[PDB]
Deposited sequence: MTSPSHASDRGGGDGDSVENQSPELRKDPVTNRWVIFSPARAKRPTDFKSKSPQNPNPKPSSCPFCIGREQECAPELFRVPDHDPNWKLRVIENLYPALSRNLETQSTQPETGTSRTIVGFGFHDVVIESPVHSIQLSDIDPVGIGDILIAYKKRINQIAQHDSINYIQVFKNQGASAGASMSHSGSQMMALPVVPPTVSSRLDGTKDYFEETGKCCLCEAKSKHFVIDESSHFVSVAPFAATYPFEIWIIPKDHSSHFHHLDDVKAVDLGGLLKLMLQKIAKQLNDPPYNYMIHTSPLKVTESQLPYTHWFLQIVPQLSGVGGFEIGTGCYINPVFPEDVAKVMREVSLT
């Protein structure tokens, strides 16, 4: 098909769609420290679920090799000290269980644990943005094969958030509308649950990228409630299981995109959180490193069609 450039407020950048790219030739542990019974081999615990239960289903712990130091906080008040929080979420007691294998309720409990930790961190005025994310598979950057995700509290609003705030503001000012409240008309619907919808994003950065989006206008992920957590957990699991089947269990990353902690009232109407899932299908080269512009070999129209047709029976 013919190449196209697409833009979206959320990314606030163009992406190249070009399927002819896919047609080019080319010349080229049963336990771990995260496993139950081995807690003393981990950096300190923040909490577990159930609370203080020796028979835990998840734990939220400090990252033992953290990118940022929680002990540089008061100094945090072209260079700034490397203060922040880096935590790990152990999603299973069993090494061989993956996130998508967990049932909706349990996935919901992991989501509520994200929520609890965000709320702890947000008591610090030094923190401006909290990034939750998950790596599964070596080529998606994973170093622990055990099923886990991570949280990184930042003293600064990072560039995707600045970009999204600018793009979503411009769209609100031109149309009066939150672009994500209009996800069903602006993007390609795959599946829908009671409170969330998953779409293939119109101006998708990566092939088979998927966004899961609250249908209600909701600025902060941390505003998630128990009922919405189980509903999101089922939709997240479905999207992961449909990805696993259709694309032959590739590695993936997922990333919650949420509100800055100090979001202003005037930002609220066009600030709407979402969950981004990127199956790891290939790397980038010099074009992308040079420009910050990506090349996508699959149109989201085709992703949605295919992903709608996926049968998990």
item: Deposited-sequence stretches lacking C-alpha coordinates, listed in sequence order; value: 1-20, 49-59, 109-115
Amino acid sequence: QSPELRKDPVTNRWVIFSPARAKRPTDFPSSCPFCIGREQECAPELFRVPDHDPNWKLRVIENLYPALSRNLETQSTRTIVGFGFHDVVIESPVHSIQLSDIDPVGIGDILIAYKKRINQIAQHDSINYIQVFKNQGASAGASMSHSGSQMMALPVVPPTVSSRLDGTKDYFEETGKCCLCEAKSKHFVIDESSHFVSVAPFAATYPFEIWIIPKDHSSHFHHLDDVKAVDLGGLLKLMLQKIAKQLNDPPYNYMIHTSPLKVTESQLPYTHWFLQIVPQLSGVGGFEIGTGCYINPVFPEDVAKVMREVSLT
From here on, numbers count along this sequence of modelled residues.
property	result
Stretch with the greater mean C-alpha B-factor as recorded in the entry, comparing 68-76 against 206-214	68-76
Mean Cα B-factor comparison, 51-59 or 243-251, giving the higher one as deposited	51-59
Residue, from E192, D166, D103, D109, that the PDB entry assigns the highest Cα B-factor	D103
From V263, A43, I256, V278, residue of greatest CA B-factor	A43
Chain-relative CA temperature factor third for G285	lowest
Chain-wide C-alpha B factor ranking for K228, given as lowest, middle or highest third	highest
B-factor third for the C-alpha atom of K7 within its chain	middle
Among modelled residues of the same chain, the CA temperature factor third for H124	highest
Chain third (lowest, middle, highest) by recorded CA B-factor, residue given as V298	lowest
